[PDB]
Structure formats: C-alpha cells, structure tokens
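Just one chain follows, in the form deposited in one PDB entry, and it is written as structure tokens.
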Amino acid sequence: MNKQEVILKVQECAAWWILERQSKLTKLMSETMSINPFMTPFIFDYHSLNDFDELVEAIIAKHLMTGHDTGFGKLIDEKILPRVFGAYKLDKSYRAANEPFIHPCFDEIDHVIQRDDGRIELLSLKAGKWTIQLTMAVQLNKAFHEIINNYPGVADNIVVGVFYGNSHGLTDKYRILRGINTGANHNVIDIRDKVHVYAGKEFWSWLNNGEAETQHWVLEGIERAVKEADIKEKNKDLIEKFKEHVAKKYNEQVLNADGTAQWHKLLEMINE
C-alpha cells in the first residue's frame, strides 16, 4: 500500500473510532467499570483527592484510559489491518468458511496475510511489550506448535506482531512464546524457526512489503481524523456529565454528613 492509500483509509477507520469513544460518554455507559473497594482509602490519599467527586473523577479517568487502550488494539486488528492493508481477519464468518480455521488452535491467530509472491503468513498481533504475561505466552506456544505440527499446509510461517516499541524493549514473554525458556521450567516447545517477532517500525514495514515509512502514514491518518473530529471543547462537559452519572450511583449512600466516605458501605455494595 502506498502513502495515500494508507493515510486516507486509516483516517476513515480512526474517524469511526473517535465516534465510538464519544458514544461511551454520550450514552453514559458505566456498567463495565470496576472499583476495588479495598484500594479506595489508599488512592484517596496517595493522589491528594479532596472530596468524593474528585475520587469518582480519578476513577473515571483511569477507566477511560483503559478503554482507550483496549479499543485502540481492537481498531488496529479488526478495522485497519483488513481495510487498509488487505489482511484477512479470522472472524467468526471467515473461520466457519475456510478450512481448517475452525479448530481452536486458531483462536490465537488474528489474520492471514497473502503475499503477491504466493507466500502465506499467519499473524498474531499485540500492542506492546507488556500486553502478554507468562500464562498467555505458554498458551500462545501451545497453539502455534499445534498449527505447525498438525496443519503444516495452512501457511509458510507465523509472525507475532508488536505494533509499538522495539525489539530490544520486549520482555522475555516474547521468547517464551517461541519455546525459548531459560529460567524456571514451563514446558513450552522450541518452534523458533517457524515463529518470528517483529516490533514497532519493523512490524509496520513487514506488514506493508518493506515500506519503512508506513508507521508515519498510520500516525498521519489518525492525526487528520482527530483534527476533523474537533472534540477538544465539547468533551469537557461530556466528561463532567459522565462523572456526575457515576457519582449518583454512590453519593446518596456511601457519604457521611461531613462529606467523608463510608468505605465499608462502598465495600458492602461491591462485594455481595
């Protein structure tokens, strides 16, 4: 894909995603927000919060940020890769229709990449160096080893993509998933010849047939969509109203007369 193809189509995807994240606020969707009732007194003082409204504000901001990271990884995987780069996403419909992708060892594979020279690459994509931990890495090894040994014909190789950061900053989990296990034993199997990891600039390059500048074209598409969306003023009030909607869930039952929180009442509500 060339510079115009990438910028314009990323813009389109990102434009959509901005609306989706706005709708979180306009529709007052707070049902997915967890609160750890043991940590509340700690957070209140560590971050120098002055009242219950300020507590709800800090919690909401954290929830929104978590949501942004999650939605963004979904955006890259489910919209940008297929629509901008022509990757075939292994969604429900694709998997049911294309043998042998229905088997659960493909739950860990995001896309099939069909190269112009006839090569087929399978892709398992992650955002960054922290995205996986040990449990996930071992499970990735199990899945990949099954593909390799039981469905050798489906593709020429498996790539794990990491869309930001670099190779040197990756954790040992990216070794574990290849079967490289230098510390305590976890019973992963060496598959390093068939599974390769590409990160950051090098991932975007690998995706787009060696075009080194691809990552800048992606960032530019996002920039343009943000600018056209023009949300920097209107969101202040939408965020404040999200905050008021959440506090109303608690502020006529956890508060004392002096405005302090009854942390044991918040505990009660959450833990049963």
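Each form is matched to the other, and the largest set of C-alpha atoms that superpose within 1.5 Å is called the rigid core. Heads up: residue numbers just count along the shown sequence, starting at 1.
The discussion below concerns the form deposited in another entry, not included here.
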With the core superposed between the shown form and the other one, a CA shift of at least 2 Å among 75, 162, 112, 143 belongs only to 143
query: residue 21: CA shift of at least 2 Å between the shown form and the other one after core fit?
result: no
Checklist line | Large Cα move at residue 195 between the shown form and the other one, threshold 2 Å, rigid core | finding: yes
Using the core for the fit, does the CA position of residue 61 change by 2 Å or more between the shown form and the other one? no
Relative to the shown structure, Cα residue 168 and Cα residue 131 in the other entry (3 Å or more change) are closer
